[PDB]
């Protein structure tokens, strides 16, 4: 079924610290692996997901193939989830723009298809 997707400019900034998100420290935290947002291998395909409950979630680092059909073209990206969202995905604007052929701001919130894939697809 579809999940909601919106953008959050927090993730657009490469120099942001992994210590600022839910997937910071602890057994499942990403801060040792990827100290900054820009270091995640799929950047700027990064964001928050409701799959991540909060700190130390085992869903930290999950890799998702996210698909959206707009103006008769289906577009897909692979994205790493690094933070908690209340409802579906909150992603870097740049990622939403890629998903939507540059319509992220114009759309604001969309329904996407999401499929988790292996961590390795995203370089994790």
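Numbering follows the first chain given and starts at 1.
So which stretch wins on mean C-alpha B-factor, 84-92 or 27-35?
-> Taking the mean B-factor of the alpha carbons in each, 27-35 is higher.
May I ask you to compare 13-21 and 112-120 by their mean CA B factor in the entry and name the higher one?
-> On average, C-alpha B-factors are higher across 13-21.
Against its chain's modelled residues, does residue 50's Cα B factor rank lowest, middle or highest third?
-> As the PDB entry reports it, the C-alpha B-factor of residue 50 lands in the lowest third of its chain.
Residue 61, C-alpha B-factor rank within chain (lowest, middle or highest third) = Within its chain, residue 61 is a lowest-third residue by C-alpha B-factor, going by the deposited values.
Cα B factor band for residue 78 (lowest, middle or highest third within the chain) | Bottom third by C-alpha B-factor.
So where's residue 71 on the chain's Cα temperature factor ranking, which third?
-> Tercile = highest for this residue's CA B-factor.
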